[PDB]
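*Asks:* Give me a model of this one.
(12 chains, ligands or ions: 22)
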Amino acid sequence: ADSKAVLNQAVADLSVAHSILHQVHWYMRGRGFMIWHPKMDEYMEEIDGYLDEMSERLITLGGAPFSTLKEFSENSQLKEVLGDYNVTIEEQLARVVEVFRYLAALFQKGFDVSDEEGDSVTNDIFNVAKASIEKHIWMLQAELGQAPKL
Amino acid sequence: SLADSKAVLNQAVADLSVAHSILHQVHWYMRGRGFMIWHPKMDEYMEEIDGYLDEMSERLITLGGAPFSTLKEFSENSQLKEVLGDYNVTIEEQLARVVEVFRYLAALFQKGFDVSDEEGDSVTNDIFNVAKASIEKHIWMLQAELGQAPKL
Amino acid sequence: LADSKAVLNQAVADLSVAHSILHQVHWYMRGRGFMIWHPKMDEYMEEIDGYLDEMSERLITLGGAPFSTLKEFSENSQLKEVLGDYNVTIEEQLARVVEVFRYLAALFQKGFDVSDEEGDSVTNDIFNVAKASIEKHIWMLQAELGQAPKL
Amino acid sequence: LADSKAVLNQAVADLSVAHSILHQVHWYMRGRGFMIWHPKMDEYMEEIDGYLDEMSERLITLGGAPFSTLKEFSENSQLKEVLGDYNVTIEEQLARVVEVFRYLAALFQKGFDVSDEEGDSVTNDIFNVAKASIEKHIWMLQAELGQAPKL
Amino acid sequence: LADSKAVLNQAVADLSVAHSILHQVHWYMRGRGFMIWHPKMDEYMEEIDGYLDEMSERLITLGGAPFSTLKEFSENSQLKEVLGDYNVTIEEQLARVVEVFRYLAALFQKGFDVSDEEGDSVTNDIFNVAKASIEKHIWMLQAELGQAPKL
Amino acid sequence: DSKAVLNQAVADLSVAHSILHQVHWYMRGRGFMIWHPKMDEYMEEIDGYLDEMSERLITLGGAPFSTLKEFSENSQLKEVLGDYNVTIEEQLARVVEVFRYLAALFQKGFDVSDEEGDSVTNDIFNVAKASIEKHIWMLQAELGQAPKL
Amino acid sequence: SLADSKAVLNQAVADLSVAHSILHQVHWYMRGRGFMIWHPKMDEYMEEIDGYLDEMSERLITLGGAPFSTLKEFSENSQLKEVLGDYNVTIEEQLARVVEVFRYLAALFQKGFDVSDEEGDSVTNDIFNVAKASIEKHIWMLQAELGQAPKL
Amino acid sequence: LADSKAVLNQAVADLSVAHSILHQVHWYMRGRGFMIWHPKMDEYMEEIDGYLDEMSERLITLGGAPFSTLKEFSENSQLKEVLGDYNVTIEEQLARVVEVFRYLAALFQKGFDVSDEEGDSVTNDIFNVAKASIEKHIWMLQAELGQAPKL
Amino acid sequence: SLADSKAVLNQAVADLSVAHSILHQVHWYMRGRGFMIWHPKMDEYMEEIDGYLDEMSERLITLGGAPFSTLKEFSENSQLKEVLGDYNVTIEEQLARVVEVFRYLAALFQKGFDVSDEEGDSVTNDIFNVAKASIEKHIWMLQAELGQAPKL
Amino acid sequence: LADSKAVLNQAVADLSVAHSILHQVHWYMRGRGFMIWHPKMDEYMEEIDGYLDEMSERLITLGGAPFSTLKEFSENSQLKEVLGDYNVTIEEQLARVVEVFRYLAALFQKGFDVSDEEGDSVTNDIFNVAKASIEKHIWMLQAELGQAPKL
Amino acid sequence: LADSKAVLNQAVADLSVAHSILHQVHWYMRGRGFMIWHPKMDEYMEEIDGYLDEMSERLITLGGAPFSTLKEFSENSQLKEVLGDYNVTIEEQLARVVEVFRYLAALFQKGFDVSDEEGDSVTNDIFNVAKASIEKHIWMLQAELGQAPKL
Amino acid sequence: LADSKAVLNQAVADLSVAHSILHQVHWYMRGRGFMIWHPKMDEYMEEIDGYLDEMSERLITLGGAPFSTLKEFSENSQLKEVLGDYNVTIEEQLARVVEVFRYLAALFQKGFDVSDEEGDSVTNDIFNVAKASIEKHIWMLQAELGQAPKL
Ligand SMILES: [Ca+2]
Ligand SMILES: [Ca+2]
Ligand SMILES: [Ca+2]
Ligand SMILES: [Ca+2]
Ligand SMILES: [Ca+2]
Ligand SMILES: [Ca+2]
Ligand SMILES: [Cl-]
Ligand SMILES: [Cl-]
Ligand SMILES: [Cl-]
Ligand SMILES: [Cl-]
Ligand SMILES: [Mn+3]
Ligand SMILES: [Mn+3]
Ligand SMILES: [Mn+3]
Ligand SMILES: [Mn+3]
Ligand SMILES: [Mn+3]
Ligand SMILES: [Mn+3]
Ligand SMILES: [Mn+3]
Ligand SMILES: [Mn+3]
Ligand SMILES: [Mn+3]
Ligand SMILES: [Mn+3]
Ligand SMILES: [Mn+3]
Ligand SMILES: [Mn+3]
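*Replies:* Numbers count the residues shown, from 1 in each chain, chains lettered A, B, ... in the order given. Ligands and ions are numbered 1, 2, ... in the order given. Have a look at this structure:
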């Protein structure tokens, strides 16, 4: 019930995160494009993997997942802007960092709610996902010359 | 300058984003005999759709353009309509819905071919031809499962 | 670790019988849908086999003695076997696989509880991973039958 | 080895026609089950092609001359072809394949008997292996259609 | 799109006969070069089969009805078949394959033109891709025979 | 007849699977690291015969054993409680013994089907017998012995 | 009859041979930050360029032609100029030079598209189109690295 | 061991030392069983290296600073090394690995409780997976030595 | 019971060993048009000969016998004759010599087949049958290269 | 050619022209044996390309500057090129490849000697590996032509 | 370092330290280029481990006793280790790697010199193959840093 | 080059006999360790065959005429063969594999010495690579037997 609600929140937020990553992939310009351009692709595939798992788990529990663009946009707490080629590489990576931080926090909130309802399966899905998102936070901040700062 | 080629590629970026969301809905809310075949089949169709989306968008970037890249833009520029998920829709109704989405994409890809042909954009022209070919083969197979002719 | 051991061993028995019923369904299946559901019971049996061996080997690791005869499998399992019957419909055969899975999922839930109480987190992970996967199977089976997972 | 050579050539003709009938079912199929049975037709086609080549090549190896034109396939085969038709039901299409397979299985048995008598053990095994796998498909096809194999 | 449907169906028949001829060459080959040219006939067969399925399924897609019996293939095809013969030389065998390929390339060109006039751009592409590859083979086969391609 | 001996094998193959699994689990002594996963390859091959033999019986119009009750009651092999104290040598000699029984059973399967003219079934028993016999050679060799077929 | 198609195929054989030598130089003489990405990337470009050369040369043979097949022939017929290897060229400059060659190649493939179209040689037409497609996509990526639009 | 950052760093030092001990055994082994156990020490070293990298990287992600010099590994580790000796027997070599593994399973449990108390669930899972596998290796190692695992 | 089956198995151990040695000679001393197809082909033949050698020997061990295992036992028990290698033999004659070795082996495998069928050794019977099937097929192809019928 | 660097650079230029000559043989080839020797030219070219890249990168590693224009390749190489000609027989084409391989083998021996004299042992091994496989190829090529290697 | 056995063992010591230093660079790396050079360090580490195992095993094979404790590695190596530091630039990190690799190249020259002198040709090769690839990495690293390799 | 040629052909003869001796060990083996040492004999036979093939072809490439009959192998080889005996223990069989390998490593050293004196550096390299891996196998076989390599 609370588990079901935090899973459906992730469905919406992950759908918007994929969209933002695709924008970064497409509009990227400046030194470093050749390594970071295909890298967004690895990220998008990971994000799709979570989206699928969390949504299907919600179905499995008796819920009804968001499944239209209007529902993703309106329920998600991530905000989107028009694509723009002039944004710098380093500005682009900082933005991925801020999306990833929000997802880490969402997944913690997911861990907590599922733990207090005893839904162990859902609990595990959130923990695995938070684990790899935080490793990516380490790597992105290191590219930018910074500590991870979780 | 390729004004209309660019424009139909962007129309295709929006339309493919919405088509993808509609196949995901079908994939999730599917119930009834034939689930075990058609549930994973939707995975294949989404992957194919994602391929065209990426290729058509990158061709647009390649020509000097600016692809749609936010959910708001996809949804306001697409000619496809979304309704709320519902588990009570039959299998046959689900497949007929995919046929309609595919019939639309095929005619969109046809408009894409004609427009690029006329502007001398052979590369773009070929992307639209390859995509149409495959969407039309799917329409044959889906129609067949439903005991019908392709009626292209 | 007396009760983690007890339930690990219970699983060895129920999973042996669960494997036998899946095999029956695989052999005696008749009706529209056979060609997709026949090889699908193969995938289920292989996954049941994986659990059988991992739970058993965890029980040895903890210093116990796993059930290892058809006799022990029979008298300890709470699953009930009947004679093979070709005249059972496809839908009824899938409903039967649903029952067996629902039972296994409940078992793995107990196993999870007792391991968590006794401080055995290795065995706790084992039970959780296997529950996740069987519950995904129950959704898909019930969807084929036009129904909700109803967990 | 006169009757072994003659029976291999018969198979070359009948397998060529069986191939063509399967191709027709693949193309003209409509209705529920299309998505599983349409590609399944390709698997049978590939399997049929393998027998065709083994049997033909064995006939060559023994100093024979295989049928190698469409006219020869048509006039020497005991199988009958009809015009393609999109209106036939899936269930009718599958029973048509059971029929072709029933004929091939019996032909392969004549193959086995005639070569056992003449002591051509190599040709004997070729027909045995092929009969084994064709009877297995008759079970599965009939099981889909709600029936016993009735070999 | 009346003419596109007809030349697709013509190709179905002619490809079917081309297959049979390639297979006769494969089987009846003798002389220096056998070891290289016998397996090569397999590759051309796999490629001719690819054309046949792609073109037939395009016709179904457009609302047509493919030829699907040996009888229809023989009667509609323009290629003549003859009885198999071991005494034919390697040079003669390869020359015959060249003749068949020249024919198919001329048919694919006509197919290209008709579909172009009618606006069927997908059929246009199938015919073009197939023409490219057959032409390339004619070059290699002619080169083996000591000749320019002479398209 | 052929149907009767196919069903017998279904039964005996199910108990022999259970016995290999026992050896696999309870094994202790020098040679564990090689023989423990070797029992895995044996069970796989045993599972292969089982599935092929049941399916042939279905194909012939038969009705295969499909309960632990039926396997255990129809098999001529006997099971005992698992014991950690058995020796590596004693464990391999049990396997040898189960394999000798299977080779004789497959023999009967060959003779019976051959006399009935069911050649497909005849070949199934022949292939299975060949491989089990090869296994008896190797196991026996590990234990310092001739195959003594 | 097909004399202009032949002559443009052979022109490409000369130009591609020289383009392969220029990529090799860049590969070898490269120095500066980003070397570890861009050095192996020249290898991928070299394999692509080798694929077109061999395909366009064999199509010329298939048509009745006689391809250029000596360094002297390649050098005298190519419109590309070569200079001496120099380690002191910067990374930006090397990447800029590859863009120059890629732009020339894309325009030559376009001319090849045109000529084969006017002669009725649809097979040769296709070979140029497929090659143009992928060279233009590379011009997009390289210019992105350099902070620029594709400017096709 | 104050917190999660502390026990991870401890794991870094102990895994570096355990790797070196396993390499010693790999190199100096002698006696019946060499051909099996010599390569099996590579599998262990690789598994060890795996955990080393996971834990080290989690400590960095968390804002820490892993030990990265031999002196640091040597001084902080609780395991003790001795000069390589060819006159150690196979069985003694195996028992030393068991000793090293038993220490590691204990360090992993400590890391489990400490992370569990802090709410650091990610570090909790990393220590749980590592313990699961180490303990399985102790069952097998002991079984070769004629003993129960005795965890 | 199984003395004769056991005797023919070992006969084959010797013959397969000499046959292997003869193929290695042909492979080494081969000169002439076709070298580049037939030199590697000899390796495929050697690997197939080794396959029968190991299988037939192991079947013998399995039945309680004792396989020949010395070049002396091989060379005295074999019915095949060897001669010094010669570079001046033609391609067509090396291939004809291979043919003769194969003809002998197939006759032997028929003797093996007959002997084993009479003693009710159904396993040994199958091994000989399978080896005969493949060797006879090579005979067809080799004779086809040389412009002849198989003439089994 | 007075040092290791000068012979590497000599090799860069000679390998580039050797590549060009092999490409010409590949393209202008006609006659019996085309089908085996046309794609063999490909394997020869890929191997030549590996030597080129390796010897050039060795030069850079030693502080040199490899030739890197067609002008520089053409002027520094002792190999001569002629216009392509379809009327050259197949056996004549193979003889030309032998001729180029005999030259390359001689160059590599000079490279071996020079580098050995200077203690450039890494360079020395590069020339040795390359000589070995070229010489093997001369053996096979001459064997196709009914001749001893005559190295 | 008077003989082959002693320089091999010095190699065992320095290669263990090399590995520890590369691992540091891997972990403490920060700045533009992190995403390419972080994984590259793993490639170097893996290649160092290979040289370790080969050089160590050769020593054993000749009848010596490899250093096998962190103590022995650290005392016998000529390489210095400092504490981990996130605030080093990418250019400074790759500069440290170069210096380490130059040292290793020079050692392998000593191993080569000493083994040639003693006529142990096997050990000679191992040092030669390892010198080859380390030198190649130096060129690439120096190129990234805008420099000639300056061996 | 006469002596290089002479020792290549001696190797041809010795490697043929070694291959014969290993197959015997493989076949006649009985006792604890059979299951690991029986397949290990296949790996050694394969590596032997590779050496045999390389050394014979190098001889052919040099102008030579390798031994190619069983009689030539038997009478030129310094290895002696004895009748197969199932009673030899596992430890005796491995000791017999050791003696064969000791002879081969020594034969390869004189191959190395002779080709070095004649300046045949390709032949020199082949003997060196072979000696390296054989001597590695002596270490491993002596370890199983609880001994030092004692080269
Ligand atoms: Ca001619
Ligand atoms: Ca013109
Ligand atoms: Ca003839
Ligand atoms: Ca001439
Ligand atoms: Ca001659
Ligand atoms: Ca600083
Ligand atoms: Cl529900
Ligand atoms: Cl910071
Ligand atoms: Cl004993
Ligand atoms: Cl720069
Ligand atoms: Mn999904
Ligand atoms: Mn993309
Ligand atoms: Mn297990
Ligand atoms: Mn064939
Ligand atoms: Mn098809
Ligand atoms: Mn089955
Ligand atoms: Mn080519
Ligand atoms: Mn790492
Ligand atoms: Mn063997
Ligand atoms: Mn390179
Ligand atoms: Mn090692
Ligand atoms: Mn060879």
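*Asks:* Kindly report the residues of chain A close to chain G.
*Replies:* A:28, A:29, A:30, A:31, A:32, A:33, A:34, A:35, A:37, A:85 (C-beta under 8 Å from any C-beta of the partner chain). Just so you know, the C-beta spots here come from the backbone N, C-alpha and C atoms, and that holds for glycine as well.
*Asks:* Count the neighbours of the fourth one for me.
*Replies:* Look at residue A:31: counted by other C-beta atoms under 10 Å in any protein chain shown, it has 18 neighbours.
*Asks:* wait, it sits on residue A:88?
*Replies:* No: shown here, residue A:31 and residue A:88 do not form a contact pair, counting by C-beta atoms under 8 Å, at 9.8 Å.
*Asks:* Would you state the helices of chain A in chain order?
*Replies:* Taking DSSP state H, the helices of chain A run over residues A:2-27, A:33-60, A:69-75, A:89-116, A:120-143.
*Asks:* And the shortest one, what's buried?
*Replies:* When neighbours are counted by 16 or more other C-beta atoms under 10 Å in any protein chain shown, the buried residues of helix A:69-75 are found to be A:69, A:71, A:72, A:73.
*Asks:* So is that helix next to chain B?
*Replies:* Yes: when contact is scored as C-beta under 8 Å from any C-beta, part of helix A:69-75 falls within range of chain B: A:69, A:70, A:72, A:73.
*Asks:* Quick one: distance of that helix to the chain centre.
*Replies:* Taking the mean C-alpha point of helix A:69-75 and that of its whole chain, the gap between them comes to 15 Å (C-alpha atoms, centre = their mean, to the nearest Å).
*Asks:* Restrict it to CA atoms and write it as PDB.
*Replies:* Output in PDB follows, covering the C-alpha atoms of helix A:69-75 (Å, rounded to 0.1, in the frame of the first residue of the first chain):
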ATOM      1  CA  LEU A  69       3.300  10.300 -20.600                       C
ATOM      2  CA  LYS A  70       0.800  12.600 -18.800                       C
ATOM      3  CA  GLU A  71       0.900  10.400 -15.600                       C
ATOM      4  CA  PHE A  72       4.800  10.300 -15.700                       C
ATOM      5  CA  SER A  73       5.100  14.100 -16.100                       C
ATOM      6  CA  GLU A  74       2.400  15.100 -13.500                       C
ATOM      7  CA  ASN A  75       3.500  12.600 -10.800                       C
END
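*Asks:* elements contacting that helix?
*Replies:* Under the contact criterion of 3 or more C-beta pairs under 8 Å, 6 or more residues apart in numbering or on different chains; DSSP states H and E, helix A:69-75 touches helix A:2-27, helix B:3-29, helix B:71-77.
*Asks:* Go again with 6 Å.
*Replies:* Helix A:69-75 sits against helix A:2-27, helix B:71-77, with contacts defined as 3 or more C-beta pairs under 6 Å, 6 or more residues apart in numbering or on different chains; DSSP states H and E.
*Asks:* one step back: closest to ligand 1 out of the buried residues of helix A:69-75?
*Replies:* Here the nearest of the buried residues of helix A:69-75 to ligand 1, counting by C-beta to the ion, is residue A:69; it sits at 66.7 Å.
*Asks:* Would you confirm that that closest one contacts residue B:71?
*Replies:* Yes: checked against C-beta atoms under 6 Å, the pair residue A:69 and residue B:71 is within contact range at 4.9 Å.
*Asks:* ok, and the closest non-adjacent residue to residue A:61?
*Replies:* Computed as C-beta to C-beta, 6 or more residues apart in numbering or on different chains, the closest residue to residue A:61 that is not its neighbour in sequence is residue A:4, at 5.8 Å.
*Asks:* ok, how many other residues are close to that neighbour?
*Replies:* Around residue A:4 sit 20 other residues, with neighbours defined as other C-beta under 10 Å.
*Asks:* pretty sure it contacts residue A:63?
*Replies:* Yes: assessed by C-beta under 6 Å, residue A:4 is found in contact with residue A:63 at 4.5 Å.
*Asks:* how close does residue A:19 get to chain G?
*Replies:* Distance from residue A:19 to chain G, counting by C-beta to the nearest C-beta, to the nearest Å: 20 Å.
*Asks:* With residue A:135 instead?
*Replies:* Between residue A:135 and chain G the distance is 22 Å, computed by C-beta to the nearest C-beta.
*Asks:* List the residues that contact the nearest residue to that residue once chain neighbours are set aside.
*Replies:* Nearest non-adjacent residue to residue A:135, counting by C-beta to C-beta, 6+ apart: residue H:61, 5.9 Å away. Shown here is residue H:61, whose contacts under the criterion C-beta atoms under 6 Å, 6 or more residues apart in numbering or on different chains are A:134, A:135, A:138, A:148.
*Asks:* Got the phi and psi for residue A:86?
*Replies:* When read as degrees, to the nearest 10, the backbone of residue A:86 gives phi -80, psi -20.
*Asks:* then stretch A:31-48 to CSV, C-alphas only?
*Replies:* This file holds the C-alpha atoms of stretch A:31-48, laid out as CSV (Å, rounded to 0.1, in the frame of the first residue of the first chain):
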residue,chain,number,x,y,z
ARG,A,31,35.8,17.9,-25.3
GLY,A,32,34.8,14.5,-23.9
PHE,A,33,31.8,13.9,-26.1
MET,A,34,33.2,10.6,-27.5
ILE,A,35,33.4,8.9,-24.1
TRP,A,36,30.3,10.5,-22.4
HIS,A,37,28.0,10.3,-25.4
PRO,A,38,27.9,6.4,-25.5
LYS,A,39,28.1,6.3,-21.7
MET,A,40,24.6,7.9,-21.4
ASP,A,41,23.5,4.9,-23.3
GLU,A,42,24.7,2.5,-20.6
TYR,A,43,23.0,4.6,-18.0
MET,A,44,19.7,4.7,-20.0
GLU,A,45,19.7,0.9,-20.3
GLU,A,46,20.2,0.6,-16.5
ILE,A,47,17.4,3.0,-15.9
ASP,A,48,15.1,1.0,-18.2
